Amino acid sequence: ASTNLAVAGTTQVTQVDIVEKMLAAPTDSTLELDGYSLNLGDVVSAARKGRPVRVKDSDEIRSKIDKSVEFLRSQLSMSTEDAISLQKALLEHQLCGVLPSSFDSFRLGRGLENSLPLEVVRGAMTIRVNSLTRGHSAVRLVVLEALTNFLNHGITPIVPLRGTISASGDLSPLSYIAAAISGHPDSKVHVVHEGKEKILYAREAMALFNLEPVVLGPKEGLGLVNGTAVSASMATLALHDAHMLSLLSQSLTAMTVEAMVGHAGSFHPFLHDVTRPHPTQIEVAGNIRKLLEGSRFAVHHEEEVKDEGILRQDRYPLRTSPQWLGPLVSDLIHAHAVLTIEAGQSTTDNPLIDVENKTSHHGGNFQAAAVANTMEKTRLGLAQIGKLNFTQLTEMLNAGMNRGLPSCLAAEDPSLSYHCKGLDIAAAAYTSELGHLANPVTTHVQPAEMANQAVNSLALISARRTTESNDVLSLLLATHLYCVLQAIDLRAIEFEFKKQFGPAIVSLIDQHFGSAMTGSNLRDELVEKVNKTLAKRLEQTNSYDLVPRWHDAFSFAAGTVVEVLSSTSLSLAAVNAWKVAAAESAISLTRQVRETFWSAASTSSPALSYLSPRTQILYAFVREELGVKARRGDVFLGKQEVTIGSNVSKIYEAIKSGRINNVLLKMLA
Amino acid sequence: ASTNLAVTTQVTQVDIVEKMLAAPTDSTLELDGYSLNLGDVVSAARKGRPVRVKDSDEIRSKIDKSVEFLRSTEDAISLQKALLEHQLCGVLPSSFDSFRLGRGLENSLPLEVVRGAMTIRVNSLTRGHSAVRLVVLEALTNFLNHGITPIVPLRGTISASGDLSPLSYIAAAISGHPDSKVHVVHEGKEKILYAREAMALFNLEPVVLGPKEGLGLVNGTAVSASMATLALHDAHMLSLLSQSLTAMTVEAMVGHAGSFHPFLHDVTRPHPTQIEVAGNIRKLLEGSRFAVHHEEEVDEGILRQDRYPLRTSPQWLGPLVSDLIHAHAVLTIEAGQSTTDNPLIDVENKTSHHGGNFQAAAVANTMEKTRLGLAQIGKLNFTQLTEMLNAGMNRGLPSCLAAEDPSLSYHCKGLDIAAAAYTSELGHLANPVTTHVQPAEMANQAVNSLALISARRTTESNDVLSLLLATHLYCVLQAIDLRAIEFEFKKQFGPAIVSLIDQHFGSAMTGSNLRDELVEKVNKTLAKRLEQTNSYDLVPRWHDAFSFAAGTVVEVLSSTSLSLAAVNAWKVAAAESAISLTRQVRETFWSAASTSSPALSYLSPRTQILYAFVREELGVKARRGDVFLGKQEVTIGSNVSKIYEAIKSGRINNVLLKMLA
Amino acid sequence: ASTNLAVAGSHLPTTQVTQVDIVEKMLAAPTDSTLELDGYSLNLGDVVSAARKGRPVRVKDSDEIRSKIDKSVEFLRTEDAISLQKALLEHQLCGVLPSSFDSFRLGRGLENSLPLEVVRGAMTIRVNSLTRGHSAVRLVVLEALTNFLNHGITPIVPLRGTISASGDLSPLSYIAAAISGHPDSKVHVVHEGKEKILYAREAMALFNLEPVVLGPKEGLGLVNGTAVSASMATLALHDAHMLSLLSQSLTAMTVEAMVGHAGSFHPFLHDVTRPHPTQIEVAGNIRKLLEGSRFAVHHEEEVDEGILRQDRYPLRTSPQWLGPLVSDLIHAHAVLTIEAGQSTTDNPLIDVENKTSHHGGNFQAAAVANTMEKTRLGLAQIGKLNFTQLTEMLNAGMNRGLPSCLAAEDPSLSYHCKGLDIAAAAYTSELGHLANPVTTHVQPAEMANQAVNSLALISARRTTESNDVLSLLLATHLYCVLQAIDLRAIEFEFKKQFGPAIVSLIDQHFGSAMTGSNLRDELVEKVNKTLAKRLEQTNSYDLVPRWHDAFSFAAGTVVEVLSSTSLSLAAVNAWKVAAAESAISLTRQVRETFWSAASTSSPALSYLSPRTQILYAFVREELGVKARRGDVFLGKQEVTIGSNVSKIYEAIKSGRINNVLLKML
């Protein structure tokens, strides 16, 4: 068992360290199970990535396994049909869950909703083997090999989704696994054969692979069916996914600060390391600080240090992000430590055999409360991440709050383009759904089995709900990522415009008013005050169409001219002429800057000029590798383009598949 | 709109259910904006019923005059396209490459929901308040009638300007948006195609949306109302099945029909739905020879009265049944008699009105209450079941409802566990969704109903309760068979007790008044003991019972000349008699078809209907036990699944109706 | 800050620290010597000592601390600033409190105010957090708060109104307004032997205190922050740790009352096979408590009728159930230690060394809310466990022959603990509902500037209520288990005397008939087995019919074993009657012997483990809560069961039980 905290789940280990180690798990080389070494990255590799799995090729391991079986046998001989019958009675009553009776009920894209996901089953078989290699259980090596042969030949039992309370542990689903390797006549398994997914009787599948059904002996029924492997499996997958979504939340925080031209100062070490040293608060601030280095969108503390109700500081979704995310990150790191012991270093069947002291012990290690605990806490965390990113996104999509970004992140006139409005509403919906999911399952314990099982963990049910919260959070975070990238591109257009328009203002002022200001000290003042009036006004006319927007801005500026140049000989006609020429100039320049953006490939986006080098990684991933482009607008284009949803879907799919995972790692390196 | 409450003691859930199940499925549903009822909605959504706007000049004129009022061009077309563009923002699979056996469409709304939504949407627009053209309404009925169903994301709506996003998918489909997909059955198989491809296959033309038609189509509550209607329909059936299971559990437990006597409800605590539930159960128990009847009934800590899961069942179910009846009234107005888009046009008074009829709180309200009610039904039936599966509590039913020696048969033990698991799941599902409202859309939508999310949760609760009630039905039928075997045994064993007493002890009792006393007292001793040893294997069980009875013989026959050897010999003979008779009665049960089950001799005539439905039509038999049989039979779960499927498909629905009227 | 994990808690599971270690350190906090605040050393035990036990508090007497505070003020650097601070308080003094004493009634009136202990803990943490030199709040302002603490002047603060972001703004503003002598500020003081609520200036004049006038940054310095939430959370976590330990003590004592198996706690089943550090801890605590018990069945001894041979899950899975929630409590301890003792939580914050200020979010109390959400779910989990233990023990069908309802005399007229069985269900149900999260109910507060807000204080209030309800439940369990233990002791004393009586009666009635045979040993063995099995199931019978039933069954055994003898049925019936009569009379005698003696001579003391005897004596002797014989048997309506459970509840709430728990473990 590893003492490296990056494996095992304090400032001496971080979520990024944990993720890096998980993502480094081999997928090609064989996972050798020894009862103690198995880690959560390994579990995910076997469950999801088809990694080969075997009991460690070791005389010590074999001898430990064999000696527990022998102990039981010899104890029995000193104290076989009926033992075989007892195991059959154990399976009989536990094969009691609901599955489709026939293929006749299957429909396109539907039909296996009442069965456990194949990956969960694979993860369960892996953990089950590991937990029996420890020598406490008296299950034969040939039985463990039956499981590893199922794994290595891609035979995955079809197991009901529901029916366990996760005490004598995950009895029912583990009984389906045991029935499958033993060739129960009514056991079904999933295989790929001749290029097709098939569901076959267990004996048919085994015959394709020349595998022999096992016949369960003394203690092997309880050895296989008592335990926590199914909930631990699903919980491990859910925690893996939650870690990624936590890192993505941090990344989206950074990109939002950039789109909002907000303050990187929120993440300064003084505000965390020095003043409020919660290790995971320090961690999160440091990740976001790292991501914002080099940004030309975010405002930097080290540069900053050089009667209107003016909002000068960022609102809480950005400014309190480390303080909001830190606590839940600590919970995810704690959960990692718990599940590592549970999945990798625990014997969870019963009774358990102490061969050295010739004793069989009656305990409770199948009570999966440690697993349920991780899932309750993680699901609440997912809801908290979701609330944060929703509040960041909805601020950014609010024209009144978003520091002058176009209404709805529309690229063209907002009168006929509401681009991200639907997504604002979707984000709300996902967030609401997360809130209800977050209520605990573990307060709903029933007096099961004649109250023998009066306390039961409900870990698998909890794991299921947390897996659904992962899914909903992925929809929300895919949505946010879609939006922030649009905002980044629109901000970059604003920056390109300002490069050209700053000089244009000065020039028009000189052309129109220079002679009237000759011999005065009015020019500096005028340029300064006209710029300030334009800036302040434009921030608030971000829902106006282009033409009236610019006439409005310069109308306001003309009032500033009246004041600043009130001593001069200028006619009202001359000031109005300046106003009109300046507005026309701004309107033309805007159109030209937009055309320069849209007429070139996304690989030439001006955003690449301003993004942090680290946040550019994620930008490039979505825009180039995923093909998700900025959206100019169906009405402007006179074309109903592939939908916003179709594009968000591509982001979501990259989250769910884990394609985005190495991207997050590279950014946070 | 119907004033019949089946569309207060004046209208019951059975009445409502009867009316729903009587909805035609073949004849065209004609939509007139007022008449549409929930059974109609279900028939269109699930049973493929043809749908049309009612063929009438009065309806057409109403529709055409609203359009004309509004009229009395390119930019209007563009505006509808901008409305759709931003609402087409939900997540669906990007390619078939992601589909897998049994999987793939989890991120889309069920097809029946989408059909129900189209049906409600058309109805709501026939009312003449919306300025959507008849040709647009006919585009929707044409999709319904050709089985063209838009593929619509599962998630994204908050159910205020109502169900905007999913309605926008429907609108984009009939308008042939280039990225709209639809499901159809064509050339005998399910396909997902682009909308224009699909329309070409059935010779339909896309509509081009004009002024107000984008909001007329996308603003409103049809999607949430559809899903909720389907959920309520299913919740009504589960409610009735709960009552049927209550009655059958009273029978299995040889419990008291007296709990359901009108004095206890109609007279003393007249909550209308309590009276209703008690009356349903009372009707089901009439004629049972398993349940004990009030009109026949009239220092050891014994339980004589039934525990609460049975005795308080009308008081427990009554309140939730009232909620379901209320929900029915609300959804009937929402689904059948409401205009939910905005702004709305008053043609008679020549005015437009800016309102909020898209705020689907009436729908959410139904779904939150229903989901709490499903948890309450589930808790009831779980408590009844787990009592019945507890050997210490179940009035002498075999442990785990094993048919043969329990040492090697734990029959329903896994189902006891499963039932707990289902119940726990229902409890968590029953927390409100509606308290998680977020400040959506720049706080323009700062209150939003979350009706569709609620409806989805309630739909999942229906599914979990279906698993639980299938489980309970499976178990109760096994218990009924075991109780019938007990009763057949008793028929032969009463006379055996007497004959053995006479054979072994007759001579010693001659001239005395001891025989009646001994028979009575030995019967009492045996009955009291056997109730407690229902976990013993057959052979030790009977020796145990007669060993206790031998103590009674010692007391009652203390004056006699009998040797201890004589009393022991009786004890042995009587135990061997009982063991053999038990084996005989079991053989007689197992060697005949279930159509001759002795359960049929004792079940009420109404509960017999459900017994026969499962045992004969679904083919789910009593289970004798894998070890006894030397065979690993088709699993318990396989058989429960057959029952669950009959519940989900609605096949059970007419059975329930038959039993209850 | 202490690197001692017993002070610090731990963010991960570790065998290097335990809940007992953490409790021991908390209970060792001085109550008399002055707590010196230095910005770093303050621990959770210290906070409770100041909040609840009146410990004096001062800013540490050091030039370094003084200079540090003074230098931040000077760095930051007037009628205008005074006005600004008053504007800040004005809008935050917006909560609800009773307008007058006219609304007060006996036992009621201050429900809409924060408990005084919470406000004292808050002031203590506030002053800590500002001694760190990042805030530019003057020492004289910190001394104003320490003077309030040391003179027992406690601001009356509304219970509700904060979302615990710019942190606990409203309640912290009430505290600020009080030390600055706001004309509408009320405070609580004890003066001339009575509790008084006075205006802040009135109270200050009693103690010769001068109001402070708030300067630049001092408004935000005082009102921005997490001290109120952290205070209430600290108190709730302290109480939860005690309830966690009590749960484990109750587990042990229920094993004893149930004559259950000590084997569930053997280290092979934890340390070796499933080494979650806190599972190991909990099993070790219960193992230690059971050592030497003569009620619990031991393993260095212990090693076709559906007989249950192993303990049910409430006892057998107790370490696996409690372990996870104990790890959460330890984690919460580490989190709150930093938040309460080592954190600056106002804003903006001043970096004097680099001559700059920083705009951050350290008032966002999510760390505190996090602890309270997990703790409240943990309390529900402890409750569910102890409820299931208790209700099994109170179930005659499941409790291995304990009298029905733990009635000491005939059950037909005594239902002793049945009401408590129902009450335990009620408490458990209430805990379940309390355990739903508060943190999922965040509103877009303050023009969405505060669009995320921690809701720590609300959460802490709910966790506090859960501690109260769990205290009711555990008081109830404790009451019941002590009765069960006395009843089991009575059974044991009976069995000691009845075993010989059985042999004697067999010899008397059957000796002659068995002469020349080997039947005697078999008869005794099988009669004993018959009696034992039957009696386990007849625990709801009244005494007289119980014994006739038991010996009627045993007579059946006699018929079999002595089937070859010459005995008449009259002879066997006569034995049955004499034997029942003997058992009945012996039971009455054994009962009288128990009830006639003092509880300091209870026979329970012959069988209880030496550690569990400690809790038994605390309740029976120190609290004076005795076993209950029965109102009907006694012919009198004694002081109620509820009155007695209330004494136990009071001992839990006051903390009097805490040193007892420590001593046992």
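First the proteins, then the strands, lettered A, B, ... as listed; each starts at 1.
- No more than 12 heavy atoms of other residues, nucleotides or ligands sit less than 6.0 Å from atom CD of C:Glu353.
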For A:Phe636 and A:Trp598: C-alpha separation, side-chain torsions, deciding distance, then whether ring-ring contact (aromatic ring centres under 6.0 Å, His included) applies. CA-CA 12 Å; A:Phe636 179 84; A:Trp598 290 108; 8.5 Å; no

Stepwise side chain to side chain contact (heavy atoms under 4.5 Å, CB included) test for B:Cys89 and A:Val648: CA-CA 7 Å; B:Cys89 65; A:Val648 176; over 6 Å; no

Would you check, one step at a time, whether the test ring-ring contact (aromatic ring centres under 6.0 Å, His included) holds for A:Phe497 with A:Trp550? CA-CA 13 Å; A:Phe497 176 85; A:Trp550 282 108; 5.5 Å; yes

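- Identified under the side-chain hydrogen bond (donor to acceptor under 3.5 Å, both in side chains) test for residues 611-625 of chain A, with sequence neighbours left out: A:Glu258-A:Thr615, A:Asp489-A:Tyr619, A:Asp489-A:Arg623, A:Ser602-A:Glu624, A:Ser605-A:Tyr619, A:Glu625-A:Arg659.
- Ring centroid separation for the pair A:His272 and A:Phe267 does not come in under the 6.0 Å cut-off.
- The aromatic rings of A:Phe297 and A:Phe495 sit tilted relative to each other, their planes meeting at an angle between 30° and 60°.
- Neither side chain, A:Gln640 nor A:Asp634, offers a donor N or O lying under 3.5 Å from an acceptor on the other.
- Identified under the side-chain hydrogen bond (donor to acceptor under 3.5 Å, both in side chains) test for residues 568-586 of chain A, with sequence neighbours left out: A:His551-A:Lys579.
- Under 3.5 Å, the side chains of B:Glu441 and B:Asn444 contain a donor-acceptor pair of N or O atoms.
- Put simply, CD on A:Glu395 and CE on A:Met401 are 4.5 Å apart, with the number rounded to the nearest 0.5 Å.
- Side chains of A:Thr541 and A:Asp552: no donor on one and acceptor on the other come within 3.5 Å.
- With salt bridges taken as basic N to acidic carboxylate O contacts below 4.0 Å, one links A:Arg631 and B:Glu85.
- Remark: the A:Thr253 side chain and the A:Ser321 side chain contain no N/O donor-acceptor pair separated by less than 3.5 Å.
- In this pair, A:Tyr316 and C:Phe363 present their aromatic rings tilted. The plane angle is within the 30 to 60° band.
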Evaluation steps, ring-ring contact (aromatic ring centres under 6.0 Å, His included), between A:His301 and C:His358: CA-CA 8 Å; A:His301 163 84; C:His358 297 267; 4.3 Å; yes

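- Looking only at side-chain heavy atoms (C-beta outward), A:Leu522 and A:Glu525 come within less than 4.5 Å of each other.
- The existence of a salt bridge linking A:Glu494 and A:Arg491 is confirmed by a sub-4.0 Å separation between a basic side-chain nitrogen and an acidic carboxylate oxygen.
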Step-by-step side chain to side chain contact (heavy atoms under 4.5 Å, CB included) determination, C:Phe75 to C:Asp351: CA-CA 9 Å; C:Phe75 170 74; C:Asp351 180 0; over 6 Å; no

